[PDB]
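Peer 1: 3D model of this:
(chains A, B and C, ligands or ions: 2)
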Amino acid sequence: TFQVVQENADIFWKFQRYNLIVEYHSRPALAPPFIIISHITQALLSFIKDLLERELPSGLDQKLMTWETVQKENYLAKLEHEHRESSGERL
Amino acid sequence: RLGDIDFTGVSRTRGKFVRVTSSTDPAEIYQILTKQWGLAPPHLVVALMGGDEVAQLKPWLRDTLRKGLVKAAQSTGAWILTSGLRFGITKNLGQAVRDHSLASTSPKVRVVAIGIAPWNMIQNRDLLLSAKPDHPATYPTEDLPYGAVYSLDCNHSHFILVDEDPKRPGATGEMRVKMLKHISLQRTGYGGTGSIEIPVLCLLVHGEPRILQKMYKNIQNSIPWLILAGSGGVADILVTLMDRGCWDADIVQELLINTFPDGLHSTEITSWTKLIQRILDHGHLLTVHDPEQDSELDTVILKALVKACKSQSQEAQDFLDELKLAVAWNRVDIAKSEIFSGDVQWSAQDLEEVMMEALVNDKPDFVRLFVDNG
Amino acid sequence: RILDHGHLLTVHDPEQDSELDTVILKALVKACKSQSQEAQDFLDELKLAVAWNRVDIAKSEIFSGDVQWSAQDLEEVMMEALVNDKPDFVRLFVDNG
Ligand SMILES: [Ca+2]
Ligand SMILES: [Ca+2]
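Peer 2: Numbers count the residues shown, from 1 in each chain, chains lettered A, B, ... in the order given. Ligands and ions are numbered 1, 2, ... in the order given. Below is the structure:
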């Protein structure tokens, strides 16, 4: 079971590590029991008044989608090329 | 006369322009392009002729054409001279150039799309007539049918607006030919204390009989020409007449009639047949690009340039810029088959410069070739 | 006289052909090509080629350049090729206008 499971276990760990790292975005920097200070501060700020998931300006967003399309075209061209000079296609 | 454009529409693009007349010298416009706008002297110039007719190319043909042109121009710094009006193949090539510019991670190399358009065929020229240096003029980009007057292409970075000549309403093609000759006669510095010509090529897509005089004048000016296979018009006539091998008055007239029903006049058709026959009689400046079989635009450009210069002269020092362009495209096979074929004597001093640029630019195959060749 | 017609005659050799739909398509395309040059008549041969998934014959004989294909003419055959799970003809029609 170890020999046949290790790889899928590692992939699952990477997926879980994503969520674990995302959990720290809203997590206060103070550990318990000092986290009561952070909880009170946030509650008071809410009552009185991220690296991930960012919105970009229109120009940069268009540039990035154009770059993505160019990279996809390169990927497809490389796939079709490595298919075209394969041994079976040559035969 | 100099100005700037703030294109309003799909994308906000900043473009410049110059208003010129048929009386101005091309050298002044070249100096403006080099200095006043910061455009470095290119390693390749590709002129676009035709493609403004009612019938546009098939989507696959124009896509493969634009992709091949942009990929061949990105290895070096090249100008793609177009008719800077947003319609048809010019619009598609401008869009491809803009896409390459946006997707490029290296800004040192630049593919510049320069538009040479008449003043009397532009939408809303009065809007840009002011061109305040402090506040650039704003231009709305409108898509239009074939019509008779177009709008400036937004994706074209720079423009050269030619003013209509009262004597003859054909100053646009005349100025295009004059500029093609002038850049073809430039000698940019090569490495250190070296003189390198600028290779200048003309590509024809779906030509019309009206541009035969301009095409012949570019043939006279030693400008190699490249012909698309399935372009549709004069390109089909030229490729058929090349495949047949022998062109006569009857064949040329019959093909012109079959492709162009409209032309029915003894003098006009006779002049067009004479132009076709003489252009084919040149021959060595003419090349056929068939994307269904070629699939490599840089290869056919290199072959056309090598054939043109090989017919021009035999000395090694003239193949220097074709060899540099082959180095930039990593076309070692063509270099050893056509340039290093034994018909040309290569010394060590001649090969030293190209050795230096091949060694600097990460081209091991050419390093090995130059070590093997002296 | 039958041989003098010729263009309406096709030979199927199963020892060498091994594809009856291919030779039927070729015979129909040749017959209609001799009949007329307009694109609107190749419409049913093109539909039959779509149904048989003969993209090679369609691009070699129908989309050969001798016939001018517009967008309105290709719209219907595009619709039936897209509905009937024929991606190759979808790509061909997108590439042809
Ligand atoms: Ca030369
Ligand atoms: Ca029919």
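Peer 1: okay, CA-based contacts and neighbour counts for the rest of this
Peer 2: Fine.
Peer 1: At the contact with chain B, which residues of chain A appear?
Peer 2: For chain A, the residues in contact with chain B (CA under 8 Å from any CA of the partner chain) are A:59, A:63, A:64, A:66, A:67, A:68, A:70.
Peer 1: State whether the third one is indeed within a strand.
Peer 2: Read that as residue A:64. No: read with DSSP: H, G, I helix; E, B strand; the rest coil, residue A:64 is helix and lies in no strand.
Peer 1: circling back to that earlier point, for chain C, state which of the residues of chain A next to chain B is nearest.
Peer 2: Distance to chain C, by CA to the nearest CA, is smallest for residue A:70 among those, at 18.8 Å.
Peer 1: was I right about the closest one contacting residue B:104?
Peer 2: No: using CA atoms under 8 Å, residue A:70 makes no contact with residue B:104, being 9.3 Å away.
Peer 1: Could you verify my assumption that residue B:128 touches residue B:135?
Peer 2: No: under the criterion of CA under 8 Å, residue B:128 makes no contact with residue B:135, lying 11.3 Å away.
Peer 1: Helix, strand, or coil at residue B:195?
Peer 2: Under three-state DSSP, residue B:195 falls in the strand class.
Peer 1: can you count the residues close to the closest residue in space to it that isn't next to it in sequence?
Peer 2: Spatially, and ignoring its direct neighbours in sequence, residue B:195 is nearest to residue B:189 (5.0 Å; CA to CA, 6 or more residues apart in numbering or on different chains). Using other CA atoms under 10 Å in any protein chain shown, residue B:189 is surrounded by 12 other residues.
Peer 1: residues touching residue 60, list them.
Peer 2: Here I'm looking at chain A. By CA atoms under 8 Å, 6 or more residues apart in numbering or on different chains, no residues touch residue A:60.
Peer 1: think we crossed wires, I meant chain B
Peer 2: Counting by CA under 8 Å, 6+ apart, residue B:60 has contacts C:95, C:96.
Peer 1: Also residue B:287?
Peer 2: Taking CA under 8 Å, 6+ apart, we find residue B:287 in contact with B:224, B:225, B:226, B:227, B:300, B:304.
Peer 1: how much space between the fourth one and residue B:325?
Peer 2: Which is residue B:227. 20 Å (CA to CA, to the nearest Å).
Peer 1: what do you get for the last one?
Peer 2: In this view, residue B:304 and residue B:325 are 12 Å apart by CA to CA.
Peer 1: before we move on, could you check phi and psi at residue B:48?
Peer 2: Here is the backbone geometry of residue B:48 (degrees, to the nearest 10): phi -110, psi 120.
Peer 1: Over to residue B:203?
Peer 2: Main-chain torsions, residue B:203, degrees, to the nearest 10: phi -120, psi 130.
Peer 1: That one: neighbouring residues, count only.
Peer 2: Number of residues near residue B:203 (other CA under 10 Å) recorded here: 19.
Peer 1: wait, residue B:199 sits on residue B:43?
Peer 2: Yes: using CA under 8 Å, residue B:199 is in contact with residue B:43, at 6.9 Å.
Peer 1: Pick out whichever of these two has more residues nearby.
Peer 2: With neighbours defined as other CA under 10 Å, residue B:199 and residue B:43 compare such that residue B:199 has more, 25 against 22.
Peer 1: Now do the same contact list for that one.
Peer 2: Counting by CA under 8 Å, 6+ apart, residue B:199 touches B:43, B:44, B:45, B:184, B:305, B:321, B:322.
Peer 1: who does the particular helix or strand that has residue B:305 in it touch, helix- and strand-wise?
Peer 2: In the assignment (DSSP states H and E), residue B:305 maps to helix B:297-312. Counting contacts by 3 or more CA pairs under 8 Å, 6 or more residues apart in numbering or on different chains; DSSP states H and E, helix B:297-312 is packed against helix B:59-74, strand B:225-228, strand B:286-289, helix B:320-328, helix B:332-334.
Peer 1: Show me what the helix or strand that the longest one is followed by pairs with in its sheet, parallel or antiparallel.
Peer 2: To tie it back to what came earlier, the one meant is helix B:59-74. Next along the chain after helix B:59-74, taking DSSP H and E as the criterion, comes strand B:78-82. Its sheet considered, strand B:78-82 pairs with strand B:44-50 (parallel), strand B:111-118 (parallel) by DSSP bridges.
Peer 1: and the shortest one, how far out from the chain's middle?
Peer 2: Which is strand B:44-50. How far strand B:44-50 lies from its chain's middle: 1 Å, per CA atoms, centre = their mean, to the nearest Å.
Peer 1: tell me which residues of stretch B:323-342 are tucked away?
Peer 2: Across stretch B:323-342, burial judged by 16 or more other CA atoms under 10 Å in any protein chain shown covers B:323-332, B:334-335, B:338-340.
Peer 1: ditto for stretch B:233-247
Peer 2: Buried residues in stretch B:233-247 (16+ other CA under 10 Å): B:233, B:234, B:235, B:236, B:237, B:238, B:239, B:241, B:242, B:247.
Peer 1: show me what contacts the closest residue to the second one other than its chain neighbours?
Peer 2: Closest residue in space to residue B:234, ignoring its immediate chain neighbours: residue B:207 at 4.6 Å, by CA to CA, 6+ apart. Residue B:207 makes contacts with B:49, B:50, B:51, B:53, B:232, B:233, B:234, B:235, as judged by CA under 8 Å, 6+ apart.
Peer 1: tell me the SS of the residue in chain A that chain C sits nearest to?
Peer 2: Residue of chain A nearest chain C, by CA to the nearest CA: residue A:76 (14.8 Å). Assigned with three-state DSSP, residue A:76 falls in the helix class.
Peer 1: Share the number of residues neighbouring the nearest residue to residue B:217 once chain neighbours are set aside, please.
Peer 2: Nearest non-adjacent residue to residue B:217, counting by CA to CA, 6+ apart: residue B:177, 7.1 Å away. By other CA under 10 Å, the residues close to residue B:177 number 21.
Peer 1: mind listing the helices for the chain?
Peer 2: I went with chain A, as the question did not name one. Along chain A, the stretches classed as helices by DSSP state H are A:2-22, A:35-48, A:58-84, A:87-90.
Peer 1: oops, I was thinking of chain B
Peer 2: Along chain B, the stretches classed as helices by DSSP H are B:26-31, B:59-74, B:89-103, B:125-128, B:171-184, B:212-220, B:234-244, B:249-259, B:266-282, B:297-312, B:320-328, B:332-334, B:348-360, B:364-372.
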